[PDB]
Structures are given as structure tokens and as C-alpha cells.
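Before any questions on binding or motion, here is one chain by itself as C-alpha cells, the form deposited in one PDB entry.
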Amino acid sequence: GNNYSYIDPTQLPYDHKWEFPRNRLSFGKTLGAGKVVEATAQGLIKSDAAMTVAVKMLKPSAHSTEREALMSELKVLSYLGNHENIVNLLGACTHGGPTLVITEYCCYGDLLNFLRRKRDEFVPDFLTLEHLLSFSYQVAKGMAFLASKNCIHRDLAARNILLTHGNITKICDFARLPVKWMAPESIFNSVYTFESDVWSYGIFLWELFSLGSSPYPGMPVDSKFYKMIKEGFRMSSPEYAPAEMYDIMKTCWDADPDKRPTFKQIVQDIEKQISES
């Protein structure tokens, strides 16, 4: 009770093993916007070698609470540790300021823009169906890893999944809310859990197997949208979605969060699909 408590990663001190000289960073083009830029890190991993990285930083007009928020994200990434399917922390510039968060660089960018570019050149260097099951499998693995560290993402979507060399997908994270990806309990009661992440993973699967279509097409976010979602309206199967994968989406979209599968259940379900190829 009083003697045993969860260890809040945002309350732990910043570990200076991540500290990197900011004069060894040369910023390039902006990757996204709290902007993220491409940069060359001189001597980051090897002393005599430059390395392309991504650097997250706040807008110059960010105030006191925004500055501490970026530090908390840094501490969470440090507490999570390295994993194959997340955009891994590589270093930070914290002395003096402004805080710079150095992470892995993924040359292909976000998965949503990637799928829309490969939309034509798709057949079940060509995007295929084996890639789509691999992508769905790797994202569930990363989310299972997050769930194992008592961390929920709260903005899982194709736009927050990056692609790098070797077709490795990595989970990342770039008030206004992503309504069409949110579980009903998040929209109506503002609660976020492991299960609401699973709901968003189901929406991600629909983006993936439709080659990047916007979810709920032709439906604006309005009174009719909320009414239909609450009454049980769900999207139908995407054009390129296997039957066993659509069965997963339906379970992720269960109105009862306790009936939704866990990411640990999802990974081994997709494992049996890949195995029986």
C-alpha cells in the first residue's frame, strides 16, 4: 500500500548517458510539424562517423509547461528502452536548452503516405500482401511491448507508423483529437486504456489493407457520426484484407472493451497467419 508503489517513469531523473553535444548536430530539412527535422549527428554512435538522425524540438514560443512535456516524453523513451518496432531514442541535448530529442531516422517516412504512393503498384520492388501482414504483425509487436511497459500510445494510426530499411515498421508519435481512430469510451468519457489502443489498432488495420484510405469514407465527424458509432456501426472489410485479418478488426471494434483482444493475443494470432502461408 504505502510501502509498494508503481515507479512513474516521468518522475525519474533524466539520465545523462543520453546527453550529446548539440554543436555536433547539423539540421537539415523539416520532416514534420513541435517540429521534427532531419539532421546529421557527428560522432553519435561511432566517434569518427556522421549519422543521419531525426531531432524533435519545441516551437521557440513554447512556454514552461510545454518544455516540461518534452522532457517527460524523453524520460518515457529512456524508460521504454530499445525495441525493434519503435522509433528509438538515440540521445538528447538538455544542457542550457532548448531541449532536443534525437531519435532514429526512417528513410521511407510515415506508412500512410507510403501506402498511398504505392497504391497503383500493388499486387496481392512492388508492394504485396506479405508486406501488409508483416506491417500488421510488427505494429502489434511494438504495441505489445508498449503494453508490457504499462504505456498506452493514445494516437495509434498509419500516420504515426514509420518505415525504414528492410521493411521494418516503427511506432512513433508526432485540444484537437483523432476522432475517427478513437474508441467510443474515449470519445464519450475521455478515458484511455490498453483497450482503447486496441480499438485504434483496428482502425490502423483498415487503413493498411485499404492502401491508405481515410476511415469512415464520406462520413463527416458530426452528430450522425457519433450516433452511428455508439449504435454499433462499423466499417466493412477492406478490399485487400484477408478474412482472418478482418476478424481481428471486428474484435478490436467491440463496444465492450473487456471483449477486445490484447496485443499479446493479436501478435500470436497474426503469427499463426504468417506461419500458415
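For clarity, a rigid core is taken as the largest C-alpha set superposing within 1.5 Å between two forms. From 1 onward, residues are counted along the sequence shown.
J.: Does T52 have no coordinates in at least a third of the other PDB entries examined?
T.: Modelled in all the others, so no.
J.: Per the record, how many residues of the deposited chain fall between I45 and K46 without being modelled: none, 1 to 3, 4 to 9, or 10 or more?
T.: The entry has no gap there; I45 and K46 are joined directly.
J.: Between residues given as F174 and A175, how many of the deposited sequence are not built: none, 1 to 3, 4 to 9, or 10 or more?
T.: Gap size class: 10 or more residues without coordinates, per the record.
J.: Higher mean Cα B-factor in the deposited model: 58-66 or 215-223?
T.: The deposited B-factors put 58-66 ahead on the C-alpha mean.
J.: Higher mean Cα B-factor in the deposited model: 126-134 or 80-88?
T.: Taking the mean B-factor of the alpha carbons in each, 126-134 is higher.
J.: When you compare the CA B-factors of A33, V53, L208, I229 as listed in the entry, which one comes out on top?
T.: Going by the entry's C-alpha B-factors, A33 comes out highest.
J.: Taking the C-alpha B-factors as the PDB entry records them, is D155 in the lowest, middle or highest third of its chain?
T.: Tercile = lowest for this residue's CA B-factor.
J.: Looking at the entry's B-factor column for C-alpha atoms only, identify whether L115 ranks in the lowest, middle or highest third of its chain.
T.: Highest third.
J.: Within this chain, which third does the Cα B-factor at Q11 fall in: lowest, middle or highest?
T.: Ranked within chain, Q11 CA B lands in the lowest tercile.
J.: Where does the C-alpha B-factor of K149 rank in its chain, lowest, middle or highest third?
T.: Its C-alpha B-factor belongs to the middle third of this chain's values.
J.: Tell me, lowest, middle or highest third: where does the Cα B factor of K180 rank within its chain?
T.: According to the entry, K180 has a C-alpha B-factor in the chain's lowest third.
If you look for the form deposited in another entry, you will not find it shown, but the lines that follow are about it.
J.: Superpose on the rigid core, then tell me if the C-alpha of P9 is displaced by 2 angstroms or more between this form and the one not shown.
T.: Passes the 2 Å threshold, so yes.
J.: Once the two forms are fit on the core, has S64 moved its CA by at least 2 Å between this form and the one not shown?
T.: Result for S64: yes, a 2 Å-plus shift.
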